[PDB]
There are 2 protein chains.
Amino acid sequence: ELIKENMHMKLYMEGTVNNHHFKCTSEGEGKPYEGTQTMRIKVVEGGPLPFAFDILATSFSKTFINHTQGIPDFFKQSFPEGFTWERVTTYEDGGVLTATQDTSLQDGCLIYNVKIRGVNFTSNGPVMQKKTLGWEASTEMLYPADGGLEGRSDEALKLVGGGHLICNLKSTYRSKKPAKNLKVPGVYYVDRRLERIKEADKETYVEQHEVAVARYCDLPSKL
Amino acid sequence: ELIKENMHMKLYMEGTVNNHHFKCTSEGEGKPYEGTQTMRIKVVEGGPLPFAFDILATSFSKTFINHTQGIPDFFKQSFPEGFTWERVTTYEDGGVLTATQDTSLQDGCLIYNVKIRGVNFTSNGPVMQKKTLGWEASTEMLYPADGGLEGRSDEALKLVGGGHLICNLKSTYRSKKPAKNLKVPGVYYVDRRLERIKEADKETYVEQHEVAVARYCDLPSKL
């Protein structure tokens, strides 16, 4: 098929957080049906970043989600043309991070193009002070809206000294495939874990891994 | 034992939404270790409510969580003294509903007291127009913070017409038992499902059922 059991991916990112312009590239391979992936990321302009790389983690891959219970896969289905996503991440201590993304397929390779804008990160806050330690696992709830798909989740960023800092994520995903074609699923949930595997030279180079699984609610119901 | 395989509960609630005062009482039973319960509510003042009863659903019992995979139970352990909770719920279309609660134990029966404040529900909104149809299943994330517990989730309220209204839940769970007495757990999640079983006389009487199950993330972790 178009989406094989193993996929390479290539990424290019550009953006400005608190006015510091920057640019990244990455290369990754994953298993789309397993829901596993790995990215090796290079900060190729504006390094070293004056802020925690972790606020960029969730912007480096929806094709790599294990869809199970015959849950229609909005993302896999929209190939070959691809899909886009855009998101607002609202941190509880001021910072807002806006991301827009295009996803495509050239030469059997997945091609991501990402723009980022981060504003209002307090200068003494744990993001600008580089005091974060990766993300906790999370659940995103997905529901049909306006022909596209909407996503919502709360994320917990781990802190130095223990304790977490929370942010809220509103995501929107739109397919580039003709509408009539693909089945949009009902309401569903994606459990994910995003781990930093390796970093070198103050986060100039980062390795990330993600595992992700789609599920209905496994619980019994009186309705 | 203080929390037995069966437990009865009783509740009293005061509050104001969009200026309109009201009072509820309820009573029910459940199986605390099996994570199940059923509560029968009577609106006793300000009936029948000008807003949808759905926005009060989650204010009517953290003691009835089936803590699986040997996760320490902050809620059951706080006994006999009991625990409080406070919560802000923020709807994506205006309204904010904010709540205080005391869970204490009096003669083997669980006694809840709840205060309620809602503002900015727009008149044309599905809440004041009463065009909601219950809640979708939900995942809450819980993380320890400031000598207590904190919870976060996003919820979907089903709407007449299809489609959903989203809201964000920020919670704080403080226990009244002295501090090092308790084994406070790490970061974890609750898969909750809350369902209307029965309504009567335009939501003047409401039967409500909940199934909640605590879990760790069951995804592999490369760390």
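Residues numbered from 1 in each chain as written, not as in the entry; some residues may be left out. Chains lettered and ligands numbered in written order. Heavy atoms only, no water.

- As stated in the entry header, the method of structure determination is X-ray crystallography and the reported resolution is 2.7000 Å.

- Going by the annotation in the PDB entry, the name recorded for chain A is fluorescent protein, with synthetic construct given as the source organism.

### Overview of the interface of chain A and chain B
Line of reasoning, step 1. Each partner contributes residues to the interface: chain A has 33 residues there, and chain B has 34 residues.
Line of reasoning, step 2. When chain A packs against chain B, close to 3000 Å² is buried across both sides, 61% of that on carbon and sulfur atoms.
Line of reasoning, step 3. Across the contact surface, chain A and chain B share 6 salt bridges.
Line of reasoning, step 4. We note a salt bridge from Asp191 of chain B to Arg215 of chain A, for which the minimum N-O separation is 3.7 Å.
Line of reasoning, step 5. On inspection of chain A and its partner chain B, the count reaches 17 residue pairs in polar contact. (Contact = heavy atoms within 4.5 Å. Buried area = accessible area lost by both parts, 1.4 Å probe. Salt bridge = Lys/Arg side-chain N within 4 Å of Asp/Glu carboxyl O. Polar contact = N/O pair within 3.5 Å; in protein donor to acceptor, adjacent residues only side chain to side chain.)

### Structural notes on the pattern of salt bridges
Line of reasoning, step 1. Applying the stated criterion across every chain yields a total of 33 salt bridges over all chains.
Line of reasoning, step 2. A salt bridge links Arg192 of chain A to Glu140 of chain A; its shortest N-O distance comes to 3.3 Å. In this pair, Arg192 of chain A is assigned in strand β12 (residues 188-200) and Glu140 of chain A in strand β9 (residues 138-145), connecting sequence segments 52 residues apart.
Line of reasoning, step 3. The class of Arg192 of chain A is buried, set by a relative accessible area of 15%.
Line of reasoning, step 4. Using a relative accessible area of 1% as the deciding quantity, one classes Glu140 of chain A as buried.
Line of reasoning, step 5. When the shortest N-O distance is used, the salt bridge between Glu29 of chain B and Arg40 of chain B registers 2.6 Å. Note that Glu29 of chain B is positioned in strand β2 (residues 20-31) and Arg40 of chain B in strand β3 (residues 36-45), a separation of 11 residues in sequence.
Line of reasoning, step 6. The partly exposed category is assigned to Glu29 of chain B, whose relative accessible area is 28%.
Line of reasoning, step 7. Here the salt bridges do not stand alone but share partners, grouping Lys62, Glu140, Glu155 and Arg192 of chain A into one network. (Helix = DSSP H or I, 4+ residues; strand = E, 2+ residues; numbered from the N terminus. Buried < 20%, exposed > 50% of the residue type's maximum accessible area, 1.4 Å probe, protein only.)

### Concerning the side chain of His164 of chain A
Line of reasoning, step 1. As for its position among the elements, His164 of chain A is in strand β11 (residues 164-175).
Line of reasoning, step 2. At 2.6 Å, the side chain of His164 of chain A forms a polar contact with the side chain of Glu136 of chain A.
Line of reasoning, step 3. Excluding residues within four positions of it along the chain, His164 of chain A makes contact with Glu136, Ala156, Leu157, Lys158 and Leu159 of chain A together with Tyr143 and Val187 of chain B.

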